[PDB]
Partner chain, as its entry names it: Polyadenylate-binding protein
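The form deposited without its partner chain is given below as one chain in C-alpha cells.
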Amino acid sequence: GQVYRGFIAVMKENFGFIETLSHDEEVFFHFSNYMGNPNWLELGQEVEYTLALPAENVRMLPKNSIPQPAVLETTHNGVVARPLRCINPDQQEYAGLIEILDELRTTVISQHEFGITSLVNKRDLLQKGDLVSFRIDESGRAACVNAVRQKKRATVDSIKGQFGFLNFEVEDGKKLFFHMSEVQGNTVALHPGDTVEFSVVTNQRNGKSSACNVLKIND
C-alpha cells in the first residue's frame, strides 16, 4: 500500500523492472499489474507504483511529472567504469559509474553515477571501458550520456530474416553479426553488397560482437 514513483528500466516479455526515484535500486513488476497496455511502455517512462518486494498497480504518469535535478551546463568526456545493473543482474551496485580522468588517464578526477534516465539512447550497450560524452547534474549524477564509438564501414554479406552478417571480421575470421533493429532510418530493405556504416559492440558477458547504429551509405 506504500506508493512510490520511478522510471521503467527493463522490459522483458511479460515483466520488467522499475528504477527507483533515487536511481539506486530496481523493482520487479509483472505486466498483469501494469494499468495499461505494456506494449506502449518505453524505457525511461515515468510511473507510479505500489509495493506488494515486487510492484503492483503500476501506472503511467504524464511526461515530466517527476521533478529531477537541474542539468549543469557544458559537456564532458568520461569513461564507463561500471555498467548499469540491467546488463549484469548479479552485480552488487545498481547504478552504472562514469569517471572523468586526468590527462595521464591514471587518476580519477570525478565520478558520476548513471541510470536509465541518464542515457540518450536507452538501448545502447554501455559497458566498462566505453567512452562517453555527457553532462553532470546538480546531484553529481551523469545526464545526457552519449556513447562515443568509432565508426566502421563494410558491405552486407548476407541476410537471414531479422539479422544478417557484414564483411567485417572479428574473432576466428567470423563475420560480424547485425540485427535489423539496429538499421537506422527508413531503409526498407538491405541487400548483400550494400555498404553500411556502423559501430562494433562486444558483449563482455558472452564475448559476442554485433554491429550497431547501422546506416546504409550506398545509393
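Residue numbers count along the first chain shown, from 1. Between two forms, the rigid core is the largest collection of C-alphas that superpose within 1.5 Å. Shifts are known only where both forms have a C-alpha.
Quick note: we don't show the form solved in complex with its partner chain, though the next part is all about it.
Out of the listed residues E113, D137, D124, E93, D137 is the one that sits within 4.5 Å of its partner chain in the deposited bound form by at least one heavy atom.
Of the candidates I87, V71, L97, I100, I100 is the one whose heavy atoms come within 4.5 Å of its partner chain in the deposited bound form; the others do not. Its partner chain in the deposited bound form comes within 4.5 Å of a heavy atom belonging to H76. A residue is said to contact a partner when one of its heavy atoms sits within 4.5 Å of a partner heavy atom; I109 meets this definition for its partner chain in the deposited bound form.
Within 4.5 Å of any heavy atom of its partner chain in the deposited bound form lies no heavy atom of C144. Its partner chain in the deposited bound form comes within 4.5 Å of no heavy atom belonging to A81. Considering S199, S209, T195, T20, one residue stands apart with a C-alpha shift of at least 2 Å between the shown form and the other one following superposition on the core, and it is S209. Three angstroms is the minimum change: in the deposited bound form, the CA atoms of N213 and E113 sit farther apart than in this structure, by 3 Å or more. If you compare C-alpha positions, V170 and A211 are 3 angstroms or more farther apart in the deposited bound form than in the form on display. Segments of 3 or more consecutive residues in which every C-alpha moves by 2 Å or more between the shown form and the other one, counting only residues present in both forms and fitting on the core, reduce to a single one: 207 to 218.
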